[PDB]
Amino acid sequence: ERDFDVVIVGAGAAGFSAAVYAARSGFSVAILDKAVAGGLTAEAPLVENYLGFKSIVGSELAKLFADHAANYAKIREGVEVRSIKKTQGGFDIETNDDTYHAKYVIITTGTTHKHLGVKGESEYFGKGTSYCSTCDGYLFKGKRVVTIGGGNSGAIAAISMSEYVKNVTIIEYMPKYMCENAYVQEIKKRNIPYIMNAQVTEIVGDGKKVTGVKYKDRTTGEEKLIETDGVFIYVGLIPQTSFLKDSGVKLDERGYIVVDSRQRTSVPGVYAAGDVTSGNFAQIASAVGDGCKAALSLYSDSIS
């Protein structure tokens, strides 16, 4: 049970979508995830732009995704892929488990949360600093929090947290709102301060817990300190493509897997879709769509 027609790496929106179509296309399919299934979708506080769901908590939506995919593929949680190399008869997937064999592969490993790189970030990790609001937002009920990064992720994180924390403050590097207008309105509606043009210089605390965050205005230099209890960091993503070393699948300057209009990688038989691919739009809807494409594109070629 380590041999399948198609092996998909990553149990997230893209992967799940690819699975259902791979199966329905008549292929035996296996989805391998280095952790429990769900992907970043499970960490989404509230999803309102996935067609068909007016408003659904990410973890809940991820549950529906997985259960849907479950009816067509074997979901192997806890299996991390470390390499992929083609062989005359498919490919070999070296894992933290054993070794899997597939004729075709679809890489849907998404991304990881980027780090800020400032004094006190490493030190206070698990001491008031977090990269997942849905995971640790509860810790700060009735408390003060600062969200570093005002993009769509940071915006909804803070918007959702403001429901139960004492107060939320958003600190954005760019001299403008980086989150979609729907969040801009919601943020202004809940009176959530959104500090733009601010560069965080330091996360500070009492050696035990976080007590505040230092940031300076990029233009005037004015440095300021704001006291909170929790600091959540949403300042970017990183493609999870490290396991593709010596695989032959081309990547762009930032680590993303380059693919053609039919989700094909530079390596015959290997397809990719989702937040992991180059130029992706970072949404569940596009991942689902592109995961669909990869699978049908896979089939299309399978029939010569």
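Numbers follow the displayed sequence, beginning with 1.
K.L.:
When the C-alpha temperature factors are averaged for each of 95 to 103 and 68 to 76, which stretch ends up with the higher value in the entry?
P.N.:
Per the deposited B-factors, the answer is 95 to 103.
K.L.:
Please compare 37 to 45 with 245 to 253 and say which has the higher mean C-alpha temperature factor in the record.
P.N.:
Looking at the recorded C-alpha B-factors, 245 to 253 comes out higher on average.
K.L.:
Name the residue from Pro175, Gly154, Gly207, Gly137 with the greatest C-alpha temperature factor listed in the entry.
P.N.:
Highest C-alpha B-factor among the listed residues goes to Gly207.
K.L.:
Per the PDB entry, which option out of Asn181, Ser122, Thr220, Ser133 has the greatest Cα B factor?
P.N.:
Each of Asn181, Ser122, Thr220, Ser133 was compared by C-alpha B-factor; the highest is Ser122.
K.L.:
Mind checking which third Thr169 falls in for C-alpha B-factor across the chain?
P.N.:
For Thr169, the deposited C-alpha B-factor lands in the lowest third.
K.L.:
Lowest, middle or highest third of the chain for the C-alpha temperature factor of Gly117?
P.N.:
Middle third by C-alpha B-factor.
K.L.:
Based on the entry's values, in what third of the chain does the Cα temperature factor of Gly89 lie: lowest, middle or highest?
P.N.:
For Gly89, the deposited C-alpha B-factor lands in the highest third.
K.L.:
Ranking the modelled residues of this chain by C-alpha B-factor as given in the entry, is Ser59 in the lowest, middle or highest third?
P.N.:
Lowest third of the chain for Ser59's C-alpha B-factor.
K.L.:
Ranking the modelled residues of this chain by C-alpha B-factor as given in the entry, is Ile226 in the lowest, middle or highest third?
P.N.:
Answer is middle: the recorded C-alpha B-factor places it there.
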